[PDB]
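Throughout, protein chains are lettered first and strands after them, A, B, ... in sequence-line order, and every chain is numbered starting at 1. Note: hydrogens, waters and symmetry copies are ignored here, and every other heavy atom, side chains too, is used.
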Amino acid sequence: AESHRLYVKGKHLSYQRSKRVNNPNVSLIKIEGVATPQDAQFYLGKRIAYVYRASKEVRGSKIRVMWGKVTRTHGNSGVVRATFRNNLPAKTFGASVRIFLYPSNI
Amino acid sequence: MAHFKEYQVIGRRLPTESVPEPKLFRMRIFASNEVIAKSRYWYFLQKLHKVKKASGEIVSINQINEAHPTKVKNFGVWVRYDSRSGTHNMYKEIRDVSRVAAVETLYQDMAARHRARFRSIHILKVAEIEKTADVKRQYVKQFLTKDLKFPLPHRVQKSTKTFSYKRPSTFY
Amino acid sequence: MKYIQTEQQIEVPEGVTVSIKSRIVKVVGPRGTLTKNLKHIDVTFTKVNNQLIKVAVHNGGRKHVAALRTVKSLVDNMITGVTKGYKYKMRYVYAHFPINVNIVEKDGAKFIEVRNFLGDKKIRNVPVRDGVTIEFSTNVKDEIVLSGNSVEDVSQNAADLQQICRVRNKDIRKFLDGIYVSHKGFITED
Amino acid sequence: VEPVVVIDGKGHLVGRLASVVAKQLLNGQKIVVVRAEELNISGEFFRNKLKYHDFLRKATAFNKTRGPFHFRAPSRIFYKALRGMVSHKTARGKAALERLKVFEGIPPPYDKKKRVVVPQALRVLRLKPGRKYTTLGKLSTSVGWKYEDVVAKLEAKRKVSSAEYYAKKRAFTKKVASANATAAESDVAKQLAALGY
Amino acid sequence: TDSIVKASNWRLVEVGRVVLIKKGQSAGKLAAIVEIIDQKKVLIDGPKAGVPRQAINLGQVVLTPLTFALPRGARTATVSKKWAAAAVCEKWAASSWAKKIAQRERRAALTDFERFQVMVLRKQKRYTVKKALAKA
RNA sequence: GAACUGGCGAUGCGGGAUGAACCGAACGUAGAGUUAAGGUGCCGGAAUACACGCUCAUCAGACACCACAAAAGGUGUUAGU
RNA sequence: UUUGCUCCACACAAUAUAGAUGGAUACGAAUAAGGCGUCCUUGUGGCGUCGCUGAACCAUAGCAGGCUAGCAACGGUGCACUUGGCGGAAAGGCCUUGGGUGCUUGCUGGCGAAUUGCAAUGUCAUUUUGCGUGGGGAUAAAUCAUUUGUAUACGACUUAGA
Ligand SMILES: [Mg+2]
Ligand SMILES: [Mg+2]
Ligand SMILES: [Mg+2]
Ligand SMILES: [Mg+2]
Ligand SMILES: [Mg+2]
Ligand SMILES: [Mg+2]
Ligand SMILES: [Mg+2]
């Protein structure tokens, strides 16, 4: 069909931070269609991919992935905390990430 | 705090050889928990009689539940409170279904209209008004009229989403 | 104190029809039609029996109920305007210089022209509002009559005429000269 | 959800709308705001005109052309409110600001696009009834905006064209609903009703 | 010749008014207003649906267009008796408001296979609807 | 210029925008969890939360140290004697 | 001024992405009111119905979507070719007419898929640019130097010169 999506759309908002100090090791992700920590609990442990393009082919591709996972809920409005094997670049504040349905408990 | 309970606290002077079996003074205290209830009891016994917590004893503390929590009553409330430049006695009327809820409303109302904290207020007396024509405040009397009914114009509906596609209406 | 419900009654005579959409009020009587916009009050209008209109405020404060009674007065004034109309009579007060007042056309527009006020060389002009008719009353000296269906227009035009003749740089207790509203009444009054 | 969100600024409160839009742009949503001249500010017109005159009198003493700039158009007053709500001196804030377009009226191609509202910034939902409020086009005109009348003329003729479009769409909607009425009580309709459709 | 004034009907906060609770332990059940406490609080009772007699804030509930005759301050047993006598439940179920609510839960409870069947049925209905829309 | 104690000096860290001394808390290198003081419209991480009231200012108000205000007065509005 | 320049199409190569991954799905007003349908005597009209969120609507099935046989209706969609009409606020889009050409999951069949080995975006978009191929199109200027003085510190300005 015209749709092939098997992931949930997400947006990289910022690092974990206080007013004036940020923590690049933890990222804050807004998952589309999630408005409460109760709903965000379904996504805990789900794998996250940041998919970007580069001019240089490396291993047969110009597409590169940064892999991570949802670790806990954040705040009251369905935002979650996520950790990646390498921290997100921080120019991706506002960029789109993919939250897959694996590992699945349903 | 505003989730008030009502306690009876009964205490007495510490018994001695000259006066065994003292007189078992009792108060009704509106407080959020028993610790505060006992403290308020000792504060008031401190102010009225020549007794203190060290030379006294608490023999009983019991929560008093509302007899008919689902019966709308009118409450006369006599309070004494401290303003920024004096002490004043007031009478107020609360339409509510329980004494603890009426006292909650009283504390909110004193804080709102007179900037009086819980620190500054003495609850002299809370008493149900047994019948109408004894209700003295018009802001309570206006709710006692026969076949009372009023609309709620300009209903504002809370949106779960940032954006709306429909220009909401306020009909109700 | 947020009174639960405040209400006023508007009596509509036999030959008058009142049509009130949201807050746009139209009153049609034998003498004509008037329209008032009342979208600044937040009141509720109810028709009872084709002779009575109730106007109400729900959960309203002191200022809100004051505005409610003001709205009742305004609608009553429009009904009175279409039934019997308003007439303001003004007198000319002068000590030495006869105040000359006339109606002139500048370009298809009626103007009240005032000359010789305190011996001035300045000709004062006051536009005549729509629905306001001016007549210089005979059989009584120095009187001008403004009549119309809206007390707002009649009274405002009379006030403009009164204010165009204010004395400057004099003791106005002594120089009492001017044109003053002497009577506020109705056209057909009985 | 949609790639570009077009907000009809009519009847919104400037600060609450600006806060919403600032968060959207910083989160990566592209926003176009139309009809900025119909935006509202709480408080009476005289009071908001006094506030803008206080803003006008602030200028660099030794050279006025390098001082605070006082933009008069309603779209720029809204843009200024959204700045200061955005960290505009950084690359990220600049990137957020290129995600925003603000207009007076509804110019093309947005005049044929769907417009949305932000309920948490709507005046009718937010302000207490009876509280006085200001209209942005009127405040801007009193401050020195030059184009209130041309915008009003263009809005009137756009409203005419939109009215004929709506009449055609309403006629087609009526006949589509009529056809869907004939589809009822059929077996497919009964099954869809059982399944929830 | 006839004075005309737009009525502007509102649902009235009154004894016997049916409300639909939207937040709390009830959260979606019908109750009746038995007595008015103040401009913002009323005493409600939902005996048939399991809503306990309680003082509630008017912001927690939405007034429905349904009303039934009820004496002020009626106790739970008489509220239940008059609710059943007035047959509030099916008069509520017949309204499109309740139909819309039921449609929302039915859609929420669908399975993946049921959603696929919905797609197939929708395409089948669409074929005939477009055919008739072209004919007429 | 003295008294007691706690500090700064000799000290970073979170908060008070900013600041030697205030609040919180004192420091090896990291991970995770939880908090303090302070906050949660946006800048800015976190409820445009919930609840009862009050206030409309043609010079509103908006958190201690602290970056001031008085005598006096008002059928503004609210509660009360 | 090197067979230079420009537009169109396809072929390759490079370049990057503030961040596609079903659809930005178009009345205007009011909110102490409105929307829609219907009827009449056409109104600030009567009647009915609706909202209480887009949790909608539309799209949605097929080797990332293959090959093939039919049934039923003459519908739905894509591509060029089209007949016009409208749109200047930044129009650059919207509404159309008529055939052709594919697809159709509206309904019944038949064949294919495997081993990417239990997952690895598993590559399916679109700015820009250059080098090629084959098809149209057009055939200048500015600056320096000289010159004027309506200009001028120098630049600049303003004039003139096949
Ligand atoms: Mg200028
Ligand atoms: Mg030293
Ligand atoms: Mg400070
Ligand atoms: Mg500090
Ligand atoms: Mg301390
Ligand atoms: Mg803040
Ligand atoms: Mg935030």
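- Partner assigned to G31(F) is none, using Watson-Crick or G-U wobble distances below 3.5 angstrom.
- Listed by first then second residue, pairs satisfying salt bridge (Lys or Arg N to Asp or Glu O under 4.0 Å) with a partner in residues 122-136 of chain E number zero, not counting sequence neighbours.
- With both distances required under 3.5 Å, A79(F) does not pair with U34(F) in Watson-Crick or G-U wobble fashion.
- Spacing between atom NZ of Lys23(D) and atom P of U40(F) amounts to 14 Å, rounded to whole angstrom units.
- Under a 3.5 Å limit on both donor-acceptor distances, the bases of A29(G) and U147(G) fail the Watson-Crick or G-U wobble criterion.
- With both hydrogen-bonding distances under 3.5 Å required, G78(G) and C103(G) do not qualify as a Watson-Crick or G-U wobble pair.
- Nucleotides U21(G) and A125(G) are not base-paired: the Watson-Crick or wobble atom pairs do not both lie closer than 3.5 Å.
- Distance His114(B) NE2 to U77(F) P: 17 Å, rounded to the nearest Å.
- Going by the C1'-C2'-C3'-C4' torsion, the sugar of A69(G) sits on the north side, since that angle is positive.
- Under the Watson-Crick and G-U wobble criteria, each requiring two contacts below 3.5 Å, nucleotide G37(G) is paired to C47(G).
- Of all nucleotides present, none satisfies the Watson-Crick or G-U wobble test against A46(F) with each distance under 3.5 Å.
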Using a cutoff of under 3.5 Å, can you pull out all pairs of nitrogen or oxygen atoms linking the protein to nucleotides 34-36 of chain F, with atom names and distances?
from, atom 1, to, atom 2, distance (Å)
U34(F), OP2, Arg72(A), NH1, 2.8
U34(F), OP2, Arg72(A), NH2, 3.2

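- Put simply, CG on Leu125(D) is 20 Å from P on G41(F), counting in whole angstrom units.
- Nearest-nucleotide positions on RNA chain F for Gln108(B) and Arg126(D) put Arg126(D) closer to the 5' end.
- Applying a 4.0 Å cut-off to non-hydrogen atoms, the residues of residues 83-98 of chain D that approach RNA chain G are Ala91(D), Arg92(D), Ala95(D), listed by residue number.
- Checking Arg107(E) against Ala90(A), the closest nucleotide of RNA chain G that is more toward the 5' end is the one next to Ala90(A).
- Using a 4.0 Å cutoff to heavy atoms of chain D, the contacted part of RNA chain G runs 5' to 3' from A18(G) to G92(G).
- Remark: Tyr139(B) is in phosphate contact with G80(F), judged by side-chain N or O atoms under 4.0 Å from OP1 or OP2.
- Contact annotation: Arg113(B) side-chain N/O to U77(F) OP1/OP2 distance is not under 4.0 Å.
- Remark: the bases of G132(G) and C10(G) meet in a Watson-Crick or G-U wobble pair, both edge contacts within less than 3.5 Å.
- Nucleotides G70(G) and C107(G) qualify as a pair under the Watson-Crick or G-U wobble definition, both contacts being shorter than 3.5 Å.
- For the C1' atoms, the distance from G14(F) to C27(F) is 13 Å, rounded to whole Å.
- In summary, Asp54(D) and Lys51(D) do not engage in a salt bridge, as defined by a charged side-chain N under 4.0 Å from a carboxylate O.
- In this structure, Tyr107(B) atom OH and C54(F) atom P are separated by 21 Å, rounded to whole Å.
- Rounded to whole Å, the distance from CE on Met90(B) to P on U78(F) is 15 Å.
- Judged by the 6.0 Å and 45° rule, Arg155(B) forms a cation-pi pair with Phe171(B).
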Reading nucleotides 56-64 of chain F 5' to 3', which nucleotides get B (base under 4.0 Å from a protein heavy atom), which S (sugar-phosphate only), which -?
BBB-B----
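- Side-chain nitrogen and oxygen atoms of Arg20(A) include at least one within less than 4.0 Å of the OP1 or OP2 phosphate oxygen of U18(F).
- For the pair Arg115(B) CZ and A79(F) P, the computed distance is 14 Å after rounding to whole Å.
- In this structure, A25(F) makes no Watson-Crick or G-U wobble pair, since no nucleotide meets both defining distances under 3.5 angstrom.
- Phosphate contact (OP1/OP2 of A32(F), side-chain N/O of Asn25(A), threshold under 4.0 Å): absent.
- Residue-environment remark: NZ (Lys22(E)) exceeds the threshold of 12 foreign heavy atoms within 6.0 Å.
- Whole-Å rounding puts the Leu100(D) CG to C42(F) P distance at 17 Å.
- Base pairing of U150(G) is not made with any nucleotide, judged by Watson-Crick or G-U wobble geometry with both donor-acceptor distances under 3.5 Å.
- Bases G24(F) and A25(F) qualify as stacked neighbours, criterion being ring centres under 5.5 Å and ring planes under 30°.
- For the neighbouring bases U25(G) and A26(G), no stacking contact is recorded, as ring-centre distance under 5.5 Å and ring-plane angle under 30° do not both hold.
- With sequence neighbours excluded, no residue satisfies salt bridge (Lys or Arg N to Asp or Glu O under 4.0 Å) with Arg83(D).
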